[PDB]
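To start, the structure itself, in structure tokens.
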Amino acid sequence: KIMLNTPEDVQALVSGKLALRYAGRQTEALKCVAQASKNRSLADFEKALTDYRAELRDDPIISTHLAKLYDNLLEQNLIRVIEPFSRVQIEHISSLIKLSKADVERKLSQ
Amino acid sequence: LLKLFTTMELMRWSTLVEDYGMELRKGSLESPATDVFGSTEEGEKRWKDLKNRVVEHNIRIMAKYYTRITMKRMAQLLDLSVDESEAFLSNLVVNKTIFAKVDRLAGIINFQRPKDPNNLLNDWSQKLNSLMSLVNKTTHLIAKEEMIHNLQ
Amino acid sequence: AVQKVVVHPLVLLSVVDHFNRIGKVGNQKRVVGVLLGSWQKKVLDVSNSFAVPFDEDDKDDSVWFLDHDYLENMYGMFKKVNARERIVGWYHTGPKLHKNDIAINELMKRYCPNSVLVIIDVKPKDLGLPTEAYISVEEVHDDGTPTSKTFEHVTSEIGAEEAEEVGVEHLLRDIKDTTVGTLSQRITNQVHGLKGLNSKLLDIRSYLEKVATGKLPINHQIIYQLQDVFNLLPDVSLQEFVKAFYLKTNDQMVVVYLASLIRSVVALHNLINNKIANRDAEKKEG
């Protein structure tokens with residue numbers, strides 16, 4: 001349900017008393033994924049992939065799908081800021097996301 | 001209202017500062033200006049978004065003219081920082097600024113000079129110019145040829 | 001009000017009749033005919049017309065002779081046989097616009113609605129379009145001159161609806177149809193320079209004459225727009241249009257490949273039958 005970009009129903013499923021008793025360290029990472037999706041943030045999603053990688057290390061094969069969501073929001077940001085910029089500095093446009101130009105350059109050129 | 005009607009000349013808002021101040025001071029007409037500023041934050045949003053709204057609207061007016069106002073110099077004439085002008089561009093990306101041209105080296109922007117396909121743009125301009133010269137040349141030529149007949 | 005008009009050749013052939021029924025008397029003045037048409041729709045459509053005996057004076061120009069009973073009788077009987085067409089205006093065959101035309105047109109402005117005026121030539125030697133629709137409307141002038149009748153040029157076209165095209169095409173048997181291709185295009189591309197040369201050369205000479213030898217204001221105000229539009233093309237340096245010459249010349253290359261390749265395909269049947277027919281007819285002739 002987070003693959004279809006609806007965090008409001010995620011809040012509706014973590015706010016109900018029925019599924020609240022089965023909450024734990026597993027659903028917290030999903031709350032950070034939904035928070036990064038509703039906030040449209042990228043470095044926060046990398047923080048969710050950094051602090052929770054010790055419950056994201058035992059993650060199933062769907063990790064490729066989560067990376068597809070990360071690269072999908074990255075695609076939205078790239079088509080968001082580059083589209084109006086015909087010719088602009090790489091640090092003036094990368095400073096907004098405060099990320100390195102290595103992974104961004106590799107994904108772009110790819 | 002006449003200044004906000006059309007053809008907004010680039011003027012300083014400091015002349016409007018005392019106009020709004022006396023607009024709050026005088027009670028003969030438009031008295032509830034303190035009611036406009038009743039809330040601590042609503043009036044501040046109306047004022048900041050008001051000056052922002054006119055400082056974007058004048059950009060939307062001068063965007064029709066291709067005079068290349070050189071917004072790097074315009075930022076100097078307006079006496080404001082270029083960072084909030086980049087934020088103004090963040091308002092233009094949602095204000096449909098997709099038809100523009102920026103520069104990596106310099107800071108001058110271009111609202112024109114597209115790829116210019118000669119089969120559409122120069123085709124259209126040459127059609128209206130050549131045809132307009134043909135039929136416009138056609139009207140007053142024989143029209144004046146009929147105007148000179150009355151001299152006999 | 002009216003953007004364009006439609007004039008059928010039937011009225012101009014009725015001017016050929018105006019030049020036929022003269023009787024060799026020696027007058028051949030500007031015989032005025034009562035133009036008929038359909039003023040209902042925004043576009044004007046002339047179907048047919050008739051004439052009225054019109055005679056002027058030699059010296060005095062203000063003399064003009066019309067008839068109301070003949071107009072109401074010919075228009076009454078014509079409306080009785082065909083009520084789909086009504087009076088619209090008139091037309092004279094004189095090549096020059098005289099001063100009395102305001103009084104001649106004023107009668108059909110009072111009795112009839114706003115009449116359109118058409119100036120034609122007595123001799124069909126003019127290469128240009130013989131029909132010019134001149135609307136009779138009063139316009140306000142900027143210089144302050146009193147308001148008077150002004151003849152503004154309305155564009156006109158010569159077309160036939162159903163039958164006159166067939167009759168003209170059968171009576172001529174010399175004119176050709178559209179016939180897109182080599183001849184109909186290259187004839188226009190050859191004689192077009194004379195089609196503009198006789199007009200411009202015929203106009204700018206008397207124009208330049210009336211520049212220095214002119215008085216009685218000829219509306220010099222429109223001359224500023226004339227030279228303005230003439231100076232709207234200040235010999236462009238062609239710098240930006242180079243890529244357009246690359247586009248049109250690339251289409252030229254496309255026509256080169258189409259001509260060479262397609263003609264090379266046409267050479268098949270010729271360059272095969274030339275051998276298989278000649279060698280077999282020769283080997284089987286005896």
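As a convention, Cβ positions derive from the backbone with ideal geometry for all residues, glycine included, and neighbour counts pool all protein chains shown. Please treat every number below as a calculation from the coordinates, not as lab data.
Suppose the filter is closer than 23 Å to residue C:164 by Cβ and outside any loop (DSSP other than H, G, I, E, B); does residue C:75 pass it?
Working: closer than 23 Å to residue C:164 by Cβ: yes; outside any loop (DSSP other than H, G, I, E, B): yes.
Here the answer is yes, as residue C:75 does meet what is asked.
In the stretch C:172-190, which residues are of a type in the set (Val, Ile, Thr) and on the phi > 0 side of the Ramachandran plot?
Start the filter on the stretch C:172-190 by keeping residues that are of a type in the set (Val, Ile, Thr), which leaves C:175, C:178-180, C:182, C:187-188.
Correct list: C:179 only.
Restricted to the stretch C:15-41, and to residues that are β-branched (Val, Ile, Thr) and surrounded by 15 or more Cβ atoms within 10 Å (Cβ to Cβ), which residue is farthest from residue C:124 (Cα to Cα)?
In this case the residue turns out to be C:34.
Restricting to the stretch C:110-135, what's the tally of residues that are within 13 Å of another protein chain (Cβ to nearest Cβ) and out of contact with any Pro (no Cβ under 8 Å at 6 or more places or on another chain)?
Total satisfying the criteria: 10.
Residue-wise test of (1) at positive phi; (2) outside any helix (DSSP H, G or I); (3) more than 10 Å from chain B (Cβ to nearest Cβ).
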{"position": "C:192", "(1), (2), (3)": "no, no, yes"}
{"position": "C:201", "(1), (2), (3)": "no, no, yes"}
{"position": "C:235", "(1), (2), (3)": "yes, yes, yes"}
{"position": "C:247", "(1), (2), (3)": "no, no, no"}
{"position": "C:264", "(1), (2), (3)": "no, no, yes"}
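So if I check each of B:151, B:77, B:141, which one is facing chain C (nearest Cβ under 8 Å), loosely packed, with under 15 Cβ neighbours inside 10 Å, aliphatic (A, V, I, L, M) and more than 25 Å from residue A:80 (Cα to Cα)?
Matching residue, one of B:151, B:77, B:141: B:151.
When you scan the stretch A:1-64 for helices (runs of 4 or more DSSP H) that lie fully inside it, which ones turn up with 2 or more residues that are touching a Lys or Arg at 6+ places or on another chain (Cβ under 7 Å)? Walk me through how you get there before you give the answer.
Working: elements: A:8-15, A:17-20, A:25-39, A:43-51.
Passing ranges, in order: A:8-15.
Can you say whether residue C:277 is over 30 Å from residue C:212 (Cβ atoms), surrounded by 10 or more Cβ atoms within 10 Å (Cβ to Cβ), under 41 Å from the mean Cα position of the chain (by Cα) and not hydroxyl-bearing (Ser, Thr, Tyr), as far as the supplied structure shows?
Values: over 30 Å from residue C:212 (Cβ atoms): yes; surrounded by 10 or more Cβ atoms within 10 Å (Cβ to Cβ): yes; under 41 Å from the mean Cα position of the chain (by Cα): no; not hydroxyl-bearing (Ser, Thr, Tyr): yes.
So residue C:277 fails the test.
Which residues, taken from the stretch C:216-233, are at negative phi and within 8 Å of chain B (Cβ to nearest Cβ)?
Matches in the stretch C:216-233: C:218, C:222, C:223, C:225, C:226, C:229, C:230, C:232, C:233.
Take the stretch C:88-107 and flag every residue that is in contact with a strand residue (DSSP E or B) (Cβ under 6 Å, 6 or more places away or on another chain) and surrounded by 19 or more Cβ atoms within 10 Å (Cβ to Cβ). Outline the logic, then answer.
Looking only at the stretch C:88-107, we keep the residues that are in contact with a strand residue (DSSP E or B) (Cβ under 6 Å, 6 or more places away or on another chain), and these are C:88-92, C:102, C:105.
C:88, C:89, C:90, C:91, C:92, C:105 - these are the residues of the stretch C:88-107 that are in contact with a strand residue (DSSP E or B) (Cβ under 6 Å, 6 or more places away or on another chain) and surrounded by 19 or more Cβ atoms within 10 Å (Cβ to Cβ).
Report every pair of residues separated by at least 6 positions or lying on different chains whose Cβ atoms are under 6 Å apart, first residue within the stretch C:97-108 and on the phi < 0 side of the Ramachandran plot, second of a type outside the set (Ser, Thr, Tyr) and assigned to a helix (DSSP H, G or I).
Matching pairs, first to second residue: C:97/B:146; C:97/B:149.
Determine whether the stretch A:77-100 contains at least one residue that is under 21 Å from residue A:2 (Cα atoms), within 14 Å of another protein chain (Cβ to nearest Cβ), exposed (fewer than 13 other Cβ atoms within 10 Å of the Cβ) and under 15 Å from the mean Cα position of the chain (by Cα).
no
Pull up the stretch B:8-18, narrow it to residues that are surrounded by 10 or more Cβ atoms within 10 Å (Cβ to Cβ) and not aliphatic (A, V, I, L, M), then point me to the one that is nearest to residue B:53 (Cα to Cα).
Checked the stretch B:8-18; the qualifying residue nearest to residue B:53 (Cα to Cα) is B:13.
Being surrounded by 13 or more Cβ atoms within 10 Å (Cβ to Cβ) and of a type in the set (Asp, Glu): is that true of residue B:41 here?
It is false that residue B:41 is surrounded by 13 or more Cβ atoms within 10 Å (Cβ to Cβ) and of a type in the set (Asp, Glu).
Considering each residue of the stretch C:47-87, count those that are in contact with a helix residue (DSSP H, G or I) (Cβ under 8 Å, 6 or more places away or on another chain) and surrounded by 13 or more Cβ atoms within 10 Å (Cβ to Cβ), and give that number.
11
Would you say residue C:206 is assigned to a strand (DSSP E or B), among the polar types (S, T, N, Q) and within 14 Å of another protein chain (Cβ to nearest Cβ)?
The answer is no for residue C:206.
Quick check on this structure: which one of B:105, B:92 is surrounded by 16 or more Cβ atoms within 10 Å (Cβ to Cβ) and within 10 Å of another protein chain (Cβ to nearest Cβ)?
B:92
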